[PDB]
file model16.pdb (PDB, N, CA, C and O atoms)
ATOM      1  N   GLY B   1       4.195   6.602  -5.012  1.00  0.00           N
ATOM      2  CA  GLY B   1       4.160   5.598  -3.966  1.00  0.00           C
ATOM      3  C   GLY B   1       4.828   6.066  -2.689  1.00  0.00           C
ATOM      4  O   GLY B   1       5.982   5.729  -2.424  1.00  0.00           O
ATOM      5  N   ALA B   2       4.102   6.848  -1.896  1.00  0.00           N
ATOM      6  CA  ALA B   2       4.632   7.364  -0.640  1.00  0.00           C
ATOM      7  C   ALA B   2       3.621   7.202   0.490  1.00  0.00           C
ATOM      8  O   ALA B   2       2.686   7.992   0.619  1.00  0.00           O
ATOM      9  N   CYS B   3       3.814   6.171   1.307  1.00  0.00           N
ATOM     10  CA  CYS B   3       2.919   5.904   2.426  1.00  0.00           C
ATOM     11  C   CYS B   3       3.576   4.969   3.437  1.00  0.00           C
ATOM     12  O   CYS B   3       4.748   4.613   3.300  1.00  0.00           O
ATOM     13  N   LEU B   4       2.814   4.574   4.451  1.00  0.00           N
ATOM     14  CA  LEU B   4       3.322   3.679   5.486  1.00  0.00           C
ATOM     15  C   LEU B   4       2.610   2.332   5.437  1.00  0.00           C
ATOM     16  O   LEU B   4       1.403   2.247   5.657  1.00  0.00           O
ATOM     17  N   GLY B   5       3.368   1.277   5.149  1.00  0.00           N
ATOM     18  CA  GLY B   5       2.793  -0.053   5.080  1.00  0.00           C
ATOM     19  C   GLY B   5       2.325  -0.554   6.431  1.00  0.00           C
ATOM     20  O   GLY B   5       2.414   0.158   7.432  1.00  0.00           O
ATOM     21  N   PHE B   6       1.822  -1.784   6.463  1.00  0.00           N
ATOM     22  CA  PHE B   6       1.335  -2.379   7.703  1.00  0.00           C
ATOM     23  C   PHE B   6       2.484  -2.626   8.675  1.00  0.00           C
ATOM     24  O   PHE B   6       3.533  -3.145   8.295  1.00  0.00           O
ATOM     25  N   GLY B   7       2.277  -2.252   9.934  1.00  0.00           N
ATOM     26  CA  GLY B   7       3.304  -2.440  10.942  1.00  0.00           C
ATOM     27  C   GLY B   7       4.260  -1.267  11.021  1.00  0.00           C
ATOM     28  O   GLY B   7       5.351  -1.381  11.580  1.00  0.00           O
ATOM     29  N   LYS B   8       3.852  -0.134  10.461  1.00  0.00           N
ATOM     30  CA  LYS B   8       4.680   1.067  10.470  1.00  0.00           C
ATOM     31  C   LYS B   8       4.201   2.050  11.534  1.00  0.00           C
ATOM     32  O   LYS B   8       3.015   2.097  11.861  1.00  0.00           O
ATOM     33  N   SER B   9       5.131   2.833  12.070  1.00  0.00           N
ATOM     34  CA  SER B   9       4.804   3.815  13.098  1.00  0.00           C
ATOM     35  C   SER B   9       4.228   5.083  12.477  1.00  0.00           C
ATOM     36  O   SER B   9       4.948   5.870  11.863  1.00  0.00           O
ATOM     37  N   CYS B  10       2.922   5.273  12.639  1.00  0.00           N
ATOM     38  CA  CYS B  10       2.246   6.444  12.094  1.00  0.00           C
ATOM     39  C   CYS B  10       1.684   7.316  13.213  1.00  0.00           C
ATOM     40  O   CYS B  10       1.772   6.968  14.389  1.00  0.00           O
ATOM     41  N   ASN B  11       1.106   8.453  12.836  1.00  0.00           N
ATOM     42  CA  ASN B  11       0.530   9.376  13.807  1.00  0.00           C
ATOM     43  C   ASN B  11      -0.994   9.355  13.739  1.00  0.00           C
ATOM     44  O   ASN B  11      -1.592   9.335  12.663  1.00  0.00           O
ATOM     45  N   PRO B  12      -1.639   9.362  14.915  1.00  0.00           N
ATOM     46  CA  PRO B  12      -3.102   9.345  15.016  1.00  0.00           C
ATOM     47  C   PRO B  12      -3.730  10.655  14.552  1.00  0.00           C
ATOM     48  O   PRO B  12      -4.756  10.657  13.873  1.00  0.00           O
ATOM     49  N   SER B  13      -3.106  11.769  14.926  1.00  0.00           N
ATOM     50  CA  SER B  13      -3.607  13.087  14.551  1.00  0.00           C
ATOM     51  C   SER B  13      -3.462  13.316  13.051  1.00  0.00           C
ATOM     52  O   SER B  13      -4.181  14.122  12.462  1.00  0.00           O
ATOM     53  N   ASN B  14      -2.524  12.602  12.436  1.00  0.00           N
ATOM     54  CA  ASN B  14      -2.282  12.727  11.004  1.00  0.00           C
ATOM     55  C   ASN B  14      -2.053  11.359  10.369  1.00  0.00           C
ATOM     56  O   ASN B  14      -0.965  11.071   9.869  1.00  0.00           O
ATOM     57  N   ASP B  15      -3.083  10.521  10.392  1.00  0.00           N
ATOM     58  CA  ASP B  15      -2.995   9.183   9.818  1.00  0.00           C
ATOM     59  C   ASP B  15      -2.443   9.239   8.396  1.00  0.00           C
ATOM     60  O   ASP B  15      -3.066   9.811   7.501  1.00  0.00           O
ATOM     61  N   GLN B  16      -1.272   8.641   8.198  1.00  0.00           N
ATOM     62  CA  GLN B  16      -0.638   8.623   6.885  1.00  0.00           C
ATOM     63  C   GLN B  16      -0.103   7.233   6.558  1.00  0.00           C
ATOM     64  O   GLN B  16       1.099   6.982   6.646  1.00  0.00           O
ATOM     65  N   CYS B  17      -1.004   6.332   6.178  1.00  0.00           N
ATOM     66  CA  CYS B  17      -0.623   4.967   5.838  1.00  0.00           C
ATOM     67  C   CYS B  17      -0.928   4.666   4.373  1.00  0.00           C
ATOM     68  O   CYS B  17      -1.335   5.550   3.618  1.00  0.00           O
ATOM     69  N   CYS B  18      -0.728   3.414   3.978  1.00  0.00           N
ATOM     70  CA  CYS B  18      -0.981   2.995   2.604  1.00  0.00           C
ATOM     71  C   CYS B  18      -2.448   2.618   2.412  1.00  0.00           C
ATOM     72  O   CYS B  18      -2.890   1.556   2.851  1.00  0.00           O
ATOM     73  N   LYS B  19      -3.196   3.496   1.751  1.00  0.00           N
ATOM     74  CA  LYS B  19      -4.612   3.256   1.498  1.00  0.00           C
ATOM     75  C   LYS B  19      -4.802   2.079   0.546  1.00  0.00           C
ATOM     76  O   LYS B  19      -5.772   1.329   0.658  1.00  0.00           O
ATOM     77  N   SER B  20      -3.871   1.925  -0.390  1.00  0.00           N
ATOM     78  CA  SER B  20      -3.939   0.842  -1.364  1.00  0.00           C
ATOM     79  C   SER B  20      -4.036  -0.511  -0.666  1.00  0.00           C
ATOM     80  O   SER B  20      -4.722  -1.418  -1.138  1.00  0.00           O
ATOM     81  N   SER B  21      -3.344  -0.639   0.462  1.00  0.00           N
ATOM     82  CA  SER B  21      -3.349  -1.881   1.225  1.00  0.00           C
ATOM     83  C   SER B  21      -4.392  -1.832   2.338  1.00  0.00           C
ATOM     84  O   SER B  21      -4.332  -2.605   3.294  1.00  0.00           O
ATOM     85  N   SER B  22      -5.346  -0.917   2.204  1.00  0.00           N
ATOM     86  CA  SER B  22      -6.402  -0.763   3.200  1.00  0.00           C
ATOM     87  C   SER B  22      -5.810  -0.606   4.598  1.00  0.00           C
ATOM     88  O   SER B  22      -6.116  -1.381   5.505  1.00  0.00           O
ATOM     89  N   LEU B  23      -4.963   0.402   4.764  1.00  0.00           N
ATOM     90  CA  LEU B  23      -4.327   0.663   6.051  1.00  0.00           C
ATOM     91  C   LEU B  23      -4.868   1.946   6.676  1.00  0.00           C
ATOM     92  O   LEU B  23      -5.468   2.775   5.992  1.00  0.00           O
ATOM     93  N   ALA B  24      -4.647   2.104   7.977  1.00  0.00           N
ATOM     94  CA  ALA B  24      -5.107   3.288   8.691  1.00  0.00           C
ATOM     95  C   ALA B  24      -4.416   3.416  10.045  1.00  0.00           C
ATOM     96  O   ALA B  24      -4.023   2.418  10.649  1.00  0.00           O
ATOM     97  N   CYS B  25      -4.270   4.650  10.515  1.00  0.00           N
ATOM     98  CA  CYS B  25      -3.625   4.909  11.796  1.00  0.00           C
ATOM     99  C   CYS B  25      -4.661   5.064  12.905  1.00  0.00           C
ATOM    100  O   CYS B  25      -5.448   6.011  12.905  1.00  0.00           O
ATOM    101  N   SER B  26      -4.655   4.129  13.849  1.00  0.00           N
ATOM    102  CA  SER B  26      -5.596   4.159  14.962  1.00  0.00           C
ATOM    103  C   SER B  26      -4.968   4.819  16.186  1.00  0.00           C
ATOM    104  O   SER B  26      -3.790   4.617  16.480  1.00  0.00           O
ATOM    105  N   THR B  27      -5.766   5.610  16.898  1.00  0.00           N
ATOM    106  CA  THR B  27      -5.290   6.301  18.090  1.00  0.00           C
ATOM    107  C   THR B  27      -5.218   5.355  19.283  1.00  0.00           C
ATOM    108  O   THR B  27      -4.827   5.752  20.381  1.00  0.00           O
ATOM    109  N   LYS B  28      -5.595   4.100  19.060  1.00  0.00           N
ATOM    110  CA  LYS B  28      -5.572   3.095  20.116  1.00  0.00           C
ATOM    111  C   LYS B  28      -4.245   2.342  20.120  1.00  0.00           C
ATOM    112  O   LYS B  28      -3.604   2.200  21.162  1.00  0.00           O
ATOM    113  N   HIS B  29      -3.839   1.862  18.950  1.00  0.00           N
ATOM    114  CA  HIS B  29      -2.588   1.125  18.818  1.00  0.00           C
ATOM    115  C   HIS B  29      -1.493   2.011  18.235  1.00  0.00           C
ATOM    116  O   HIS B  29      -0.304   1.740  18.402  1.00  0.00           O
ATOM    117  N   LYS B  30      -1.902   3.074  17.550  1.00  0.00           N
ATOM    118  CA  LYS B  30      -0.956   4.003  16.942  1.00  0.00           C
ATOM    119  C   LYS B  30      -0.072   3.291  15.923  1.00  0.00           C
ATOM    120  O   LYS B  30       1.146   3.224  16.085  1.00  0.00           O
ATOM    121  N   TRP B  31      -0.693   2.764  14.875  1.00  0.00           N
ATOM    122  CA  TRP B  31       0.038   2.057  13.830  1.00  0.00           C
ATOM    123  C   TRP B  31      -0.882   1.698  12.668  1.00  0.00           C
ATOM    124  O   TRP B  31      -2.097   1.588  12.838  1.00  0.00           O
ATOM    125  N   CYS B  32      -0.298   1.516  11.489  1.00  0.00           N
ATOM    126  CA  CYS B  32      -1.066   1.170  10.299  1.00  0.00           C
ATOM    127  C   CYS B  32      -1.729  -0.195  10.459  1.00  0.00           C
ATOM    128  O   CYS B  32      -1.120  -1.230  10.185  1.00  0.00           O
ATOM    129  N   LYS B  33      -2.981  -0.190  10.904  1.00  0.00           N
ATOM    130  CA  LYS B  33      -3.729  -1.427  11.099  1.00  0.00           C
ATOM    131  C   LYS B  33      -4.685  -1.674   9.936  1.00  0.00           C
ATOM    132  O   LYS B  33      -5.324  -0.747   9.437  1.00  0.00           O
ATOM    133  N   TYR B  34      -4.779  -2.929   9.510  1.00  0.00           N
ATOM    134  CA  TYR B  34      -5.656  -3.297   8.406  1.00  0.00           C
ATOM    135  C   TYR B  34      -7.104  -2.932   8.715  1.00  0.00           C
ATOM    136  O   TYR B  34      -7.657  -3.346   9.734  1.00  0.00           O
ATOM    137  N   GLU B  35      -7.714  -2.152   7.826  1.00  0.00           N
ATOM    138  CA  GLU B  35      -9.099  -1.731   8.004  1.00  0.00           C
ATOM    139  C   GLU B  35     -10.061  -2.857   7.639  1.00  0.00           C
ATOM    140  O   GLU B  35     -10.267  -3.157   6.462  1.00  0.00           O
ATOM    141  N   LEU B  36     -10.650  -3.477   8.656  1.00  0.00           N
ATOM    142  CA  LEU B  36     -11.591  -4.571   8.444  1.00  0.00           C
ATOM    143  C   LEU B  36     -12.987  -4.037   8.144  1.00  0.00           C
ATOM    144  O   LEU B  36     -13.787  -3.815   9.054  1.00  0.00           O
TER     145      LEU B  36
END
call {"tool": "encode", "arguments": {"input": "model16.pdb", "output": "C-alpha cells"}}
result
Amino acid sequence: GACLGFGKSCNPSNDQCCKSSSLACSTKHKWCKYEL
C-alpha cells in the first residue's frame, strides 16, 4: 500500500497516485484527481 490518495501533491511527469481509489495526476491541476 504505497500511493497518493485524493488531494495529494503528485507529479504530472510521473503520475503516482492510488489506482485503487481511481486516482490520477493531471498536468492541469497537478494533483490526484478522481478519474471520471
call {"tool": "resolve_selection", "arguments": {"input": "model16.pdb", "expression": "the PyMOL selection byres ((chain B and resi 1-13) around 4.5)", "output": "list in words"}}
result
residues 14, 15, 16, 17, 18, 30, 31 and 32 of chain B
call {"tool": "atom_distance", "arguments": {"input": "model16.pdb", "atom1": "atom N of residue 23 in chain B", "atom2": "atom C of residue 35 in chain B"}}
result
6.7 Å
call {"tool": "atom_distance", "arguments": {"input": "model16.pdb", "atom1": "atom C of residue 33 in chain B", "atom2": "atom O of residue 19 in chain B"}}
result
9.8 Å
call {"tool": "select_by_dssp", "arguments": {"input": "model16.pdb", "residues": "chain B", "states": "strand (DSSP E)", "output": "list in words"}}
result
residues 23, 24, 25, 32, 33 and 34 of chain B
call {"tool": "write_last_selection", "arguments": {"input": "model16.pdb", "atoms": "N, CA, C and O atoms", "output": "PDB file, in the coordinates of the input"}}
result
ATOM      1  N   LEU B  23      -4.963   0.402   4.764  1.00  0.00           N
ATOM      2  CA  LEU B  23      -4.327   0.663   6.051  1.00  0.00           C
ATOM      3  C   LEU B  23      -4.868   1.946   6.676  1.00  0.00           C
ATOM      4  O   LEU B  23      -5.468   2.775   5.992  1.00  0.00           O
ATOM      5  N   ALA B  24      -4.647   2.104   7.977  1.00  0.00           N
ATOM      6  CA  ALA B  24      -5.107   3.288   8.691  1.00  0.00           C
ATOM      7  C   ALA B  24      -4.416   3.416  10.045  1.00  0.00           C
ATOM      8  O   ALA B  24      -4.023   2.418  10.649  1.00  0.00           O
ATOM      9  N   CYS B  25      -4.270   4.650  10.515  1.00  0.00           N
ATOM     10  CA  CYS B  25      -3.625   4.909  11.796  1.00  0.00           C
ATOM     11  C   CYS B  25      -4.661   5.064  12.905  1.00  0.00           C
ATOM     12  O   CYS B  25      -5.448   6.011  12.905  1.00  0.00           O
ATOM     13  N   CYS B  32      -0.298   1.516  11.489  1.00  0.00           N
ATOM     14  CA  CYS B  32      -1.066   1.170  10.299  1.00  0.00           C
ATOM     15  C   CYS B  32      -1.729  -0.195  10.459  1.00  0.00           C
ATOM     16  O   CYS B  32      -1.120  -1.230  10.185  1.00  0.00           O
ATOM     17  N   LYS B  33      -2.981  -0.190  10.904  1.00  0.00           N
ATOM     18  CA  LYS B  33      -3.729  -1.427  11.099  1.00  0.00           C
ATOM     19  C   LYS B  33      -4.685  -1.674   9.936  1.00  0.00           C
ATOM     20  O   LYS B  33      -5.324  -0.747   9.437  1.00  0.00           O
ATOM     21  N   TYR B  34      -4.779  -2.929   9.510  1.00  0.00           N
ATOM     22  CA  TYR B  34      -5.656  -3.297   8.406  1.00  0.00           C
ATOM     23  C   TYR B  34      -7.104  -2.932   8.715  1.00  0.00           C
ATOM     24  O   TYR B  34      -7.657  -3.346   9.734  1.00  0.00           O
TER      25      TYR B  34
END
